[PDB]
Amino acid sequence: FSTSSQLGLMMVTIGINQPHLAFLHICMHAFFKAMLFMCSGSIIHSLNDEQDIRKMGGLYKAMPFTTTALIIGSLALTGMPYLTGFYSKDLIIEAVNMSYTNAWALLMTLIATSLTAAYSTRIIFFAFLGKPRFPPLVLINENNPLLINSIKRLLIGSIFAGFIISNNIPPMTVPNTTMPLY
Amino acid sequence: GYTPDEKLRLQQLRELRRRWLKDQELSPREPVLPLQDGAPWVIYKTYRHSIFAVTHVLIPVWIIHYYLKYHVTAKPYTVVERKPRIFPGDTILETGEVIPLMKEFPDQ
Amino acid sequence: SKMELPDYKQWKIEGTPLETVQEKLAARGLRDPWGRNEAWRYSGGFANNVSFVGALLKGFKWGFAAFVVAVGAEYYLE
Amino acid sequence: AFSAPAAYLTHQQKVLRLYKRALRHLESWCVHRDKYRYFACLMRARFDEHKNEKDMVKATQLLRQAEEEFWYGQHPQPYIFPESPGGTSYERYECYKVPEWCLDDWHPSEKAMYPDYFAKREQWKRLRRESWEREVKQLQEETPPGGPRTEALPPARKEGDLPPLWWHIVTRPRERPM
Amino acid sequence: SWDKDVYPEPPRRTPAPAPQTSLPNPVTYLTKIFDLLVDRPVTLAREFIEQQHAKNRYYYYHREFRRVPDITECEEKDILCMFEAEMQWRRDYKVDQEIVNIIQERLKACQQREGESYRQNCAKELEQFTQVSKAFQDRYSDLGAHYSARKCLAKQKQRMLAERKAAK
Amino acid sequence: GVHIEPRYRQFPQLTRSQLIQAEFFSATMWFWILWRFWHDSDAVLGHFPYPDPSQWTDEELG
Amino acid sequence: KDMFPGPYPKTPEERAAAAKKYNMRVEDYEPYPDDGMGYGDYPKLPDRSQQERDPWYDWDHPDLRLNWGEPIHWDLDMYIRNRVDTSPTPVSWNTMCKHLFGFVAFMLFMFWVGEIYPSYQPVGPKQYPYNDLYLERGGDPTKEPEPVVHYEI
Amino acid sequence: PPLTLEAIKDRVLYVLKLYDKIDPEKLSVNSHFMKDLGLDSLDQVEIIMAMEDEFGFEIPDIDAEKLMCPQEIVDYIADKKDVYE
Amino acid sequence: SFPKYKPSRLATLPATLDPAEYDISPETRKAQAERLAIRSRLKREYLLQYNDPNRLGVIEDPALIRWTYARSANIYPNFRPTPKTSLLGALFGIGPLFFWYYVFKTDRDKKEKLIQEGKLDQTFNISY
Amino acid sequence: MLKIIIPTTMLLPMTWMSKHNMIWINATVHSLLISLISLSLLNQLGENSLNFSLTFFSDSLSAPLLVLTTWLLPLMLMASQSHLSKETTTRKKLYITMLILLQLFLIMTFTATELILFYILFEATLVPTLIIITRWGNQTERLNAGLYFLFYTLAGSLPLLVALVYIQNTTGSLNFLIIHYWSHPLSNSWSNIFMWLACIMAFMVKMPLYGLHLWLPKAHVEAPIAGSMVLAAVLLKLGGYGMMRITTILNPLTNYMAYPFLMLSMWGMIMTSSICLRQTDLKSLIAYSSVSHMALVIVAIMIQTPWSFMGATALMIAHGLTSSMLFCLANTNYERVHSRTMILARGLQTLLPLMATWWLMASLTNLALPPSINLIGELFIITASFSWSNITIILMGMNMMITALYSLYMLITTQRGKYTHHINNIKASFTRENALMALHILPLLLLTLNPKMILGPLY
Amino acid sequence: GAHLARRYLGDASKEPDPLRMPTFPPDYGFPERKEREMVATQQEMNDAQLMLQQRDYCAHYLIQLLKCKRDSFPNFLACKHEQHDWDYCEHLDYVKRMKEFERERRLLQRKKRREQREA
């Protein structure tokens with residue numbers, strides 16, 4: 001559902017007549033959303049094919065690397081400054097505000113960003129935080145070179161790719177230089 | 001709770017099922033019918049890596065460049081490249097040059 | 001390498017929220033008989049977990065130290 | 001492994017099923033264990049309150065009202081065990097399950113690769129082929145004149161007799177065949 | 001070997017390299033590596049194959065069809081003259097299709113080559129294709145699946161009668 | 001081959017490499033955030049101004 | 001053969017024979033209404049999806065949740081687990097329809113309202129050089145454009 | 001996760017011993033909850049739920065009601081999980 | 001008094017919320033036993049053939065044969081031209097054809113009118 | 001054309017005088033060689049047809065169909081080997097002779113230069129097909145299906161014979177070249193309207209048109225595998241070939257008279273694709289899909305535009321191959337389980353893996369996954385109809401969606417799910433069946449690389 | 001968003017209409033206004049393949065930025081000053097557009113004041 005919402009945001013960017021920003025958002029979403037789904041796969045494998053968050057808890061320390069990857073991915077998805085999301089989603093929102101737009105569309109997009117923060121908090125709180133609710137036999141083992149390296153590459157991409165791509169790509173839209181602080 | 005017949009039947013089925021499962025276990029021998037490649041120590045370190053590099057990238061790159069030789073010359077407009085951007089700078093073919101007014105007020 | 005289950009006696013409701021739940025139930029005259037089975041979740045290394053802010057601020061101490069060192073490098077060098 | 005069903009569910013069995021459904025849906029609503037334990041003890045007290053009602057009409061009305069409450073209070077997305085019906089992993093390995101009769105069609109070269117296993121399989125085939133007649137006779141004898149009035153099947157009465165209609169249950173594909 | 005007049009290309013203006021930074025340019029070294037590893041072997045292979053081709057050079061010729069009397073000069077039910085004229089008309093139909101194809105290829109190459117200035121700097125090619133498309137549509141469009149020289153003649157006659165009526 | 005033995009009701013055995021790598025990457029994320037914020041601040045690039053003076057644009061006043 | 005479906009039963013004996021043929025109780029057996037639609041003798045079984053049937057029971061055909069010799073619903077292919085599902089829902093069907101359609105209608109109405117009052121910034125139209133890029137935007141070069149002049153504020 | 005028969009028995013006895021109403025000392029593989037112990041029907045339901053939560057597999061209600069014994073639970077789990085040793 | 005569940009055709013009434021599941025009579029229990037008897041007999045026959053070590057092939061289910069026959073062959077023999085059948089047949093067979101004729105004919109006539117009046121754009125429509 | 005015809009005729013004496021062991025082998029070998037000879041006809045001069053003789057000519061329309069028929073004969077023999085094994089030598093030879101006579105008649109129909117000879121050969125195909133269906137069918141309904149097929153086709157054809165004789169009397173010749181070159185326009189009179197109806201209706205019957213398609217499901221369901229293969233691949237395409245040929249005579253009235261058949265085909269494609277969704281018999285589902293695709297072809301022919309004709313030719317060839325392959329795939333399951341009920345056999349992917357891949361490829365072609373020739377034909381037809389009316393896209397797109405749905409529903413039901421427990425007769429697929437499926441699939445995929453071969457004369 | 005508040009909740013006539021802007025002629029008020037000067041030549045913009053949206057009065061800074069970016073590569077952090085120059089020019093243009101909006105607002109209020117003067 002987060003992926004679907006992000007696709008809707010990209011379609012909004014197209015509607016605002018800002019296509020290249022939409023492509024940039026596609027590029028960054030690829031990284032962080034892929035990393036998030038891989039982390040969910042790691043949790044599922046550790047907990048014997050369990051995908052319900054209610055039966056997952058207290059995994060912050062049990063799986064340090066997956067927890068770090070998910071924290072970084074959620075921060076990027078929610079637009080934490082100077083991560084991959086900041087270069088795409090922050091510009092998308094600023095352009096949406098600073099343009100002729102359907103009022104309800106803009107209001108809905110802002111509420112959608114808030115709900116994105118909401119569901120990232122949902123996953124983190126219910127799964128990694130709290131006390132373990134998974135079945136007794138504990139098989140948590142994230143110490144696989146394939147898993148760690150695969151998540152590592154996407155973590156580095158999520159952290160640094162947005163800066164590199166944004167700087168290198170030629171400027172393709174006139175920036176919204178001045179705007180109200182709020 | 002179980003009827004006595006149900007208990008007896010289930011226990012007999014348990015014995016038979018466990019016997020079947022143990023029978024399904026493989027023996028120490030799994031005869032595989034028995035060297036088309038005579039490379040017993042193939043340098044696992046690098047021979048495989050260089051062979052893969054050549055076969056997968058080097059051969060296709062050669063073939064595709066040769067196909068570029070074939071297709072570009074054979075047919076006009078097969079490959080069309082966006083005209084390179086020209087700023088106030090020199091051009092290779094004609095060695096032309098220009099400057100952008102520069103009357104712009106410098107301070108900002 | 002056969003797995004050994006821990007001693008069942010070690011699990012206790014004391015020192016866990018299950019004890020507070022039991023206190024409420026006793027207040028209403030009810031007793032919960034499954035508290036010990038659920039105790040392991042609230043015991044041991046699982047007992048302590050970070051807050052959401054704490055989870056977000058993971059490595060912030062070392063990251064801030066690295067930021068201080070790099071800023072010192074940049075400012076000092078020039 | 002499923003036991004044969006009965007024509008009707010007794011009032012006790014219906015109450016037990018309601019209890020299990022209510023507890024599971026409460027656990028779905030009460031994600032954290034402590035809250036679940038507290039409200040589960042509450043539910044057990046609720047059942048105990050009318051555990052001993054003498055009037056069967058009153059108990060039936062209570063069960064009906066409790067079911068209505070359950071339908072209103074059911075979790076929209078109740079937790080389903082991963083391998084249970086409706087679960088994420090339900091029937092995931094069905095395709096990997098392969099019937100035993102397929103091995104008979106293996107080419108002789110393929111059967112050669114696993115000789116001891118196929119010798120044991122021949123032994124099991126002999127056992128089934130011998131047992132079929134006695135199983136049919138026993139089923140005929142025990143069956144009532146009108147016909148079988150329940151799905152339950154009798155156990156082996158005498159030594160040397162396998163339980164009637166045992167082959168498919170015993171030789172059912174493994175849960176995780178791979 | 002394609003004719004430049006038939007397939008026009010604007011003269012290439014490529015800016016000269018003007019580095020302003022000390023850092024080595026990765027593209028230059030990667031391109032040199034490509035030249036050495038790929039381009040030189042490919043060039044040698046093509047040299048060998050071209051030598052082999054030169055060893056036995058043979059020629060193929062482009063057939064020339066002499067013009068034959070058109071349908072307008074063919075009497076009614078004169079199946080020989082009608083057949084010759086209809087075959088000529090079909091050949092001309094194919095040739096006009098190829099002409100339209102050439103102009104469209106010019107159009108697409110201009111769209112790609114000009115870049116972000118395609119709207120203004122491709123106007124001449126678009127005008128050429130507009131003229132060619134109007135001519136082709138008038139001549140051959142709407143004839144139908146069973147297109148024939150007679151039907152195209154009838155369409156031309158209808159157009160000419162409409163033009164006379166416009167003259168009034 | 002049992003690198004991490006399944007523990008029945010106790011915290012799973014954690015190899016040191018897991019913790020070290022996760023800590024390093026999280027600290028790298030925080031360092032990058034702080035470093036970029038210090039070097040470049042996206043807050044504003046010139047306060048949104050308001051042209052109050054009427055003579056600046058038009059002051060006919062009749 | 002008598003086992004094959006036959007005409008609509010009219011006499012009670014025909015109804016009993018049909019029930020025996022379809023392996024149903026006589027009371028349970030109800031033919032489709034005799035309206036000339038071709039159903040004839042076939043039983044009119046309850047319109048329940050195969051999903052509704054108990055998963056835990058050991059059905060003769062597990063995937064279809066069906067038993068050998070059981071009367072097969074006329075629309076079984078429609079009611080297979082892959083295809084339509086009629087299982088009871090947590091909320092009433094009418095409430096779900098009302099909520100979903102109301103949400104869609106309200107969303108579209110609010111979009112129309114937004115179109116009526118479209119958000120924008122307190123800025124003037126963007127100004128472009130050379131008569132609004134008339135030549136760059138494909139205008140006729142020979143025909144002189146109507147001059148567009150932008151002055152400094 | 002071989003899940004041997006002895007492991008299943010040990011875990012079932014673990015869950016039952018952690019059950020307050022059952023007194024640990026008299027708990028045995030053959031201790032019928034209804035007769036040998038004092039558990040009632042709702043206690044049978046609760047214990048079955050505890051077992052299914054411990055092993056992560058759901059016991060169908062028709063089968064669940066008929067266990068009435070720990071060894072029955074162990075063997076049923078073995079049958080469901082195909083444990084032959 | 002929580003809001004009641006309105007059953008519908010695509011939302012069947014839960015058995016738990018079935019008003020008849022709590023008013024049972026002796027006859028109903030007898031009927032349930034008879035239904036179990038039928039099922040048990042059918043399952044016995046099936047399992048006997050299914051576990052037969054000699055059987056090789058499908059166990060022809062008469063029910064499946066009856067379903068296929070009723071859904072294909074028995075329809076016309078048990079069809080009678082009736083007011084409902086005749087009217088529904090007319091509507092659903094010929095109705096859509098005339099609707100699509102109206103639509104396509106009107107569109108085509110408009111297009112032809114525009115072409116005749118020279119008021120249609122086919123500047124680059126050179127591939128029909 | 002005698003290079004192909006004479007060897008096909010010699011096939012009969014070889015089959016009759018061959019040893020009992022060697023009938024199938026000789027027939028297959030020499031039929032394959034004949035097919036190899038037919039590939040020469042694909043070389044077609046763009047401007048003019050290959051006028052071999054007064055009697056016979058070939059164009060870019062007839063060539064692909066001739067190649068298809070010559071190819072189909074060996075596949076038909078391979079498929080029919082299995083169920084005719086018990087039959088006596090004389091009956092097997094008679095079956096092969098019927099197939100060979102059918103091939104000879106179809107080739108002469110496609111290459112014939114005179115409409116009356118085309119009519120004689122096109123109607124002549126009924127006799128071998130009728131004999132095949134009613135003598136080697138396995139159901140009691142084979143006779144009724146044969147009666148329906150024969151009488152539908154004859155009731156369509158005979159007014160065509162009357163119209164053709166009338167044309168011979170008026171114009172003076174029925175040779176296609178002369179008719180095309182002269183081809184005076186028709187006038188909008190009741191007599192000319194009925195002449196148009198007489199010319200069109202026989203091919204409209206041959207190409208299953210909604211309301212005249214009832215014979216196709218019965219015949220395809222009740223016929224033997226070879227008969228179903230010919231009916232789907234070639235016999236239906238005779239209607240399209242004739243309609244494309246015959247349309248020259250009826251130039252102006254076609255615009256006025258097309259609307260009833262155009263509407264019938266356009267709505268019937270949706271109706272039959274929906275029918276496929278709820279069919280309980282695999283063969284019947286395949287037949288209804290054939291009906292829908294032939295409705296698309298009919299729309300293409302009626303529109304009478306070059307792109308529509310190219311799409312019609314491509315679709316005819318692609319559908320012939322795909323439908324024949326689907327019928328053979330269903331026949332394998334029928335032989336194994338001896339029933340055509342879709343539900344009866346399930347989860348066959350686990351039991352027969354490679355046949356599952358054959359099914360997947362056949363279904364993908366059926367749903368027109370690009371760059372399949374099926375998609376090329378359908379897309380060209382769709383574009384031509386869009387030019388005819390932009391509103392046509394709705395029905396055509398809906399038909400595409402329904403086709404994808406029913407094709408993948410067949411694939412899911414037959415090849416997916418848990419295996420039917422009681423069925424124990426499933427045995428490893430023979431090399432013959434896989435070879436038949438591969439011979440079906442590979443030419444279809446290969447034809448995409450060079451699609452001008454199946455794009456027809458207007459290309 | 002407050003200008004929208006005045007435009008919609010308050011009197012519409014007083015507030016400028018974005019599409020209609022600028023209704024009042026340039027000559028009104030503003031006794032002398034200089035033509036906006038475009039440093040970049042049209043041929044220069046076409047040669048640089050600038051996007052039509054980017055072909056604005058600040059195009060010269062954009063051309064300089066593109067050239068600096070091309071020359072500096074591999075280094076992609078060497079054009080910060082030119083980027084700031086282009087951004088500042090865009091900021092000035094945006095401020096000018098805001099001033100146009102304010103001018104329209106005040107002019108409309110003055111027109112309403114004249115209508116008030118009549119009564």
# chains A, B, ... in the order shown; residues from 1 in each chain; ligands from 1
$ residues_around --residues "stretch 130-136 of chain E" --least-positions-apart "6" --cutoff "9 Å" --atoms "only C-alpha atoms" --output "short mmCIF file (atom, residue, chain, number, x, y, z; two decimals) with N, CA, C and O atoms, in the first residue's frame"
data_model
loop_
_atom_site.label_atom_id
_atom_site.label_comp_id
_atom_site.auth_asym_id
_atom_site.auth_seq_id
_atom_site.Cartn_x
_atom_site.Cartn_y
_atom_site.Cartn_z
N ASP E 96 5.76 5.40 -54.46
CA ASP E 96 5.28 6.55 -53.71
C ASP E 96 5.25 6.26 -52.21
O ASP E 96 5.55 7.13 -51.39
N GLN E 97 4.89 5.03 -51.84
CA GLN E 97 4.99 4.63 -50.44
C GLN E 97 6.42 4.77 -49.93
O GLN E 97 6.66 5.29 -48.84
N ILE E 99 8.72 6.75 -51.11
CA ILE E 99 9.03 8.18 -51.04
C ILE E 99 8.52 8.76 -49.73
O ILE E 99 9.23 9.50 -49.03
N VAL E 100 7.28 8.43 -49.38
CA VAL E 100 6.71 8.90 -48.12
C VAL E 100 7.53 8.38 -46.95
O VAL E 100 7.77 9.10 -45.97
N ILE E 103 10.71 10.50 -46.55
CA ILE E 103 10.44 11.79 -45.93
C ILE E 103 10.17 11.63 -44.43
O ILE E 103 10.63 12.43 -43.61
N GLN I 122 -7.80 15.15 -41.55
CA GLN I 122 -7.07 13.93 -41.89
C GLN I 122 -5.72 14.29 -42.49
O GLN I 122 -5.27 13.67 -43.46
N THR I 123 -5.06 15.30 -41.92
CA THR I 123 -3.83 15.82 -42.51
C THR I 123 -2.80 14.72 -42.72
O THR I 123 -2.20 14.61 -43.79
N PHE I 124 -2.59 13.89 -41.70
CA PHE I 124 -1.60 12.82 -41.78
C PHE I 124 -2.22 11.44 -41.70
O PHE I 124 -1.49 10.45 -41.49
N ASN I 125 -3.54 11.32 -41.86
CA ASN I 125 -4.22 10.03 -41.86
C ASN I 125 -4.09 9.42 -43.25
O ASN I 125 -4.98 9.51 -44.10
N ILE I 126 -2.95 8.78 -43.49
CA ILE I 126 -2.63 8.20 -44.78
C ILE I 126 -2.44 6.69 -44.69
O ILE I 126 -1.85 6.08 -45.57
#
$ residues_around --residues "residue B:70" --least-positions-apart "5" --cutoff "12 Å" --atoms "only C-alpha atoms" --output "list in words"
residues 63, 64, 65, 75, 76, 78 and 79 of chain B; 1, 42, 43, 46, 49 and 50 of chain E
$ residues_around --residues "residue E:16" --least-positions-apart "5" --cutoff "6 Å" --atoms "only C-alpha atoms" --output "list in words"
residues 90, 91 and 92 of chain B
$ select_by_dssp --residues "chain F" --states "alpha helix (DSSP H)" --output "PyMOL selection string"
chain F and resi 16-39+54-57
$ interface_residues --of "chain K" --to "chain G" --cutoff "9 Å" --atoms "only C-alpha atoms" --output "ChimeraX atom specification"
/K:1,3-4,8,18-19,21-22,26,30,33-38,42,46,52-53,55-57,93-102
$ interface_residues --of "chain G" --to "chain J" --cutoff "8 Å" --atoms "only C-alpha atoms" --output "VMD selection string"
chain G and resid 61 to 63 77 to 78
$ residues_around --residues "residue H:19" --least-positions-apart "5" --cutoff "10 Å" --atoms "only C-alpha atoms" --output "CSV table (one decimal) with N, CA, C and O atoms, in the first residue's frame"
chain,number,residue,atom,x,y,z
C,32,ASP,N,-5.5,-15.3,36.6
C,32,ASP,CA,-5.0,-15.8,35.3
C,32,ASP,C,-4.0,-16.9,35.5
C,32,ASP,O,-3.0,-16.7,36.2
C,33,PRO,N,-4.2,-18.1,34.9
C,33,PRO,CA,-3.3,-19.2,35.1
C,33,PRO,C,-2.2,-19.3,34.0
C,33,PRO,O,-1.4,-20.2,34.2
C,34,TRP,N,-2.2,-18.5,33.0
C,34,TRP,CA,-1.3,-18.6,31.9
C,34,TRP,C,-0.1,-17.6,32.0
C,34,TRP,O,0.6,-17.5,31.0
C,35,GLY,N,0.0,-16.8,33.1
C,35,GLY,CA,0.9,-15.8,33.1
C,35,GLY,C,2.4,-16.3,32.9
C,35,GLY,O,3.2,-15.6,32.3
C,36,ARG,N,2.7,-17.4,33.6
C,36,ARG,CA,4.1,-17.9,33.5
C,36,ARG,C,4.5,-18.3,32.1
C,36,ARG,O,5.6,-18.0,31.7
C,37,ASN,N,3.5,-18.8,31.3
C,37,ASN,CA,3.9,-19.2,29.9
C,37,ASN,C,4.2,-18.0,29.1
C,37,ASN,O,5.1,-18.1,28.2
H,13,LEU,N,4.8,-30.7,27.7
H,13,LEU,CA,4.9,-30.8,29.1
H,13,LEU,C,5.4,-29.4,29.7
H,13,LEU,O,4.9,-29.0,30.7
H,14,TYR,N,6.2,-28.7,28.9
H,14,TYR,CA,6.6,-27.4,29.3
H,14,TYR,C,5.4,-26.5,29.4
H,14,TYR,O,5.2,-25.9,30.5
H,24,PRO,N,2.3,-29.1,38.9
H,24,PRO,CA,3.3,-29.7,38.1
H,24,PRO,C,3.6,-31.1,38.4
H,24,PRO,O,3.9,-31.9,37.6
H,47,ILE,N,-6.1,-25.0,26.9
H,47,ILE,CA,-4.8,-25.7,26.7
H,47,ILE,C,-4.6,-26.0,25.3
H,47,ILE,O,-3.4,-26.0,24.8
H,50,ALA,N,-3.2,-22.9,23.8
H,50,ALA,CA,-1.9,-22.7,24.2
H,50,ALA,C,-0.9,-23.6,23.4
H,50,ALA,O,0.1,-23.1,22.9
$ residues_around --residues "residue J:261" --least-positions-apart "3" --cutoff "9 Å" --atoms "only C-alpha atoms" --output "PyMOL selection string"
chain J and resi 204+209-210+257-258+264-266+298-299+302
$ write_last_selection --atoms "C-alpha atoms" --output "PDB file, in the first residue's frame"
ATOM      1  CA  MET J 204     -20.309 -16.362 -43.443  1.00  0.00           C
ATOM      2  CA  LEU J 209     -20.840 -16.133 -37.632  1.00  0.00           C
ATOM      3  CA  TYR J 210     -22.921 -15.430 -34.552  1.00  0.00           C
ATOM      4  CA  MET J 257     -24.965  -4.497 -46.423  1.00  0.00           C
ATOM      5  CA  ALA J 258     -22.007  -4.854 -44.040  1.00  0.00           C
ATOM      6  CA  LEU J 264     -23.412  -9.449 -35.403  1.00  0.00           C
ATOM      7  CA  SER J 265     -19.712 -10.303 -35.452  1.00  0.00           C
ATOM      8  CA  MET J 266     -18.674  -7.470 -33.138  1.00  0.00           C
ATOM      9  CA  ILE J 298     -15.192 -11.270 -40.448  1.00  0.00           C
ATOM     10  CA  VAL J 299     -15.123  -7.683 -39.206  1.00  0.00           C
ATOM     11  CA  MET J 302     -16.336  -6.498 -44.103  1.00  0.00           C
TER      12      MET J 302
END
$ residues_around --residues "residue A:72" --least-positions-apart "2" --cutoff "10 Å" --atoms "only C-alpha atoms" --output "NGL selection string"
(:A and (32 or 35-36 or 66-70 or 74-78 or 80 or 83-84 or 155-156 or 158-159)) or (:C and (56)) or (:F and (25-26 or 29-30))
$ interface_residues --of "chain F" --to "chain H" --cutoff "12 Å" --atoms "only C-alpha atoms" --output "list in words"
residues 2, 5, 6, 7, 8 and 9 of chain F
$ residues_around --residues "stretch 82-86 of chain J" --least-positions-apart "4" --cutoff "10 Å" --atoms "only C-alpha atoms" --output "PyMOL selection string"
chain J and resi 77-78+91-92+95+136+224-225+332+335+432-433
$ write_last_selection --atoms "N, CA and C atoms" --output "mmCIF file, in the first residue's frame"
data_model
loop_
_atom_site.group_PDB
_atom_site.id
_atom_site.type_symbol
_atom_site.label_atom_id
_atom_site.label_comp_id
_atom_site.auth_asym_id
_atom_site.auth_seq_id
_atom_site.Cartn_x
_atom_site.Cartn_y
_atom_site.Cartn_z
ATOM 1 N N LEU J 77 -1.686 -36.737 -38.928
ATOM 2 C CA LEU J 77 -1.340 -38.154 -38.856
ATOM 3 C C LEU J 77 -0.709 -38.500 -37.510
ATOM 4 N N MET J 78 0.221 -37.663 -37.043
ATOM 5 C CA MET J 78 0.869 -37.913 -35.760
ATOM 6 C C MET J 78 -0.150 -37.950 -34.634
ATOM 7 N N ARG J 91 -9.242 -49.865 -42.336
ATOM 8 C CA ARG J 91 -9.869 -48.662 -41.800
ATOM 9 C C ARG J 91 -8.847 -47.555 -41.568
ATOM 10 N N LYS J 92 -7.662 -47.905 -41.068
ATOM 11 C CA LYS J 92 -6.618 -46.903 -40.890
ATOM 12 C C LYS J 92 -6.226 -46.291 -42.227
ATOM 13 N N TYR J 95 -8.956 -43.909 -43.299
ATOM 14 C CA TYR J 95 -8.850 -42.648 -42.569
ATOM 15 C C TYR J 95 -7.751 -41.770 -43.158
ATOM 16 N N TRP J 136 -15.476 -41.940 -37.314
ATOM 17 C CA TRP J 136 -14.424 -42.103 -36.324
ATOM 18 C C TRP J 136 -14.617 -41.216 -35.101
ATOM 19 N N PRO J 224 -13.169 -36.426 -34.269
ATOM 20 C CA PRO J 224 -11.862 -36.916 -33.820
ATOM 21 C C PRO J 224 -10.826 -35.803 -33.877
ATOM 22 N N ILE J 225 -9.669 -36.068 -33.272
ATOM 23 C CA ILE J 225 -8.673 -35.012 -33.098
ATOM 24 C C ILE J 225 -8.261 -34.430 -34.443
ATOM 25 N N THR J 332 -4.834 -34.912 -25.657
ATOM 26 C CA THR J 332 -3.948 -35.722 -24.822
ATOM 27 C C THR J 332 -4.585 -36.005 -23.465
ATOM 28 N N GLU J 335 -7.442 -38.500 -23.845
ATOM 29 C CA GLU J 335 -6.971 -39.873 -23.958
ATOM 30 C C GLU J 335 -6.560 -40.417 -22.600
ATOM 31 N N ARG J 432 5.853 -38.407 -28.981
ATOM 32 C CA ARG J 432 4.996 -38.034 -30.100
ATOM 33 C C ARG J 432 4.160 -36.799 -29.779
ATOM 34 N N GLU J 433 3.537 -36.772 -28.599
ATOM 35 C CA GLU J 433 2.671 -35.651 -28.245
ATOM 36 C C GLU J 433 3.464 -34.362 -28.083
#
$ atom_distance --atom1 "atom CA of residue J:57" --atom2 "atom CA of residue J:1"
7.8 Å
$ closest_atom_pairs --of "chain H" --to "chain C" --cutoff "12 Å" --atoms "only C-alpha atoms" --output "CSV"
residue,atom,partner,partner_atom,distance
H:1,CA,C:3,CA,10.1
H:2,CA,C:2,CA,10.4
H:3,CA,C:3,CA,10.4
H:4,CA,C:2,CA,10.4
H:6,CA,C:2,CA,10.9
H:7,CA,C:3,CA,8.6
H:8,CA,C:5,CA,11.5
H:9,CA,C:5,CA,11.8
H:10,CA,C:5,CA,8.2
H:11,CA,C:5,CA,8.1
H:12,CA,C:37,CA,11.5
H:13,CA,C:8,CA,9.8
H:14,CA,C:8,CA,6.7
H:15,CA,C:37,CA,6.5
H:16,CA,C:37,CA,8.9
H:17,CA,C:8,CA,7.4
H:18,CA,C:37,CA,5.3
H:19,CA,C:34,CA,5.5
H:20,CA,C:33,CA,4.6
H:21,CA,C:33,CA,6.1
H:22,CA,C:33,CA,9.0
H:23,CA,C:33,CA,11.2
H:24,CA,C:8,CA,10.1
H:39,CA,C:33,CA,11.9
H:43,CA,C:33,CA,10.1
H:46,CA,C:34,CA,9.2
H:47,CA,C:34,CA,9.5
H:49,CA,C:34,CA,11.3
H:50,CA,C:34,CA,8.8
H:51,CA,C:37,CA,10.9
H:53,CA,C:37,CA,10.9
H:54,CA,C:37,CA,9.6
$ atom_distance --atom1 "atom CA of residue A:127" --atom2 "atom CA of residue A:56"
4.9 Å
$ closest_atom_pairs --of "chain J" --to "chain E" --cutoff "10 Å" --atoms "only C-alpha atoms" --output "Markdown table"
| residue | atom | partner | partner_atom | distance |
| --- | --- | --- | --- | --- |
| J:46 | CA | E:91 | CA | 8.6 |
| J:47 | CA | E:87 | CA | 6.0 |
| J:48 | CA | E:87 | CA | 7.2 |
| J:177 | CA | E:79 | CA | 9.6 |
| J:178 | CA | E:79 | CA | 7.8 |
| J:180 | CA | E:146 | CA | 8.3 |
| J:181 | CA | E:79 | CA | 7.4 |
| J:182 | CA | E:77 | CA | 6.8 |
| J:183 | CA | E:150 | CA | 9.8 |
| J:244 | CA | E:145 | CA | 9.3 |
| J:245 | CA | E:146 | CA | 9.7 |
| J:247 | CA | E:146 | CA | 8.5 |
| J:248 | CA | E:146 | CA | 6.6 |
| J:251 | CA | E:146 | CA | 8.8 |
| J:301 | CA | E:145 | CA | 9.3 |
| J:303 | CA | E:145 | CA | 9.0 |
| J:304 | CA | E:145 | CA | 5.4 |
| J:305 | CA | E:145 | CA | 4.5 |
| J:306 | CA | E:145 | CA | 4.4 |
| J:307 | CA | E:145 | CA | 8.1 |
| J:308 | CA | E:145 | CA | 8.2 |
| J:309 | CA | E:145 | CA | 7.0 |
| J:310 | CA | E:145 | CA | 9.5 |
| J:457 | CA | E:145 | CA | 9.8 |
| J:458 | CA | E:145 | CA | 7.1 |
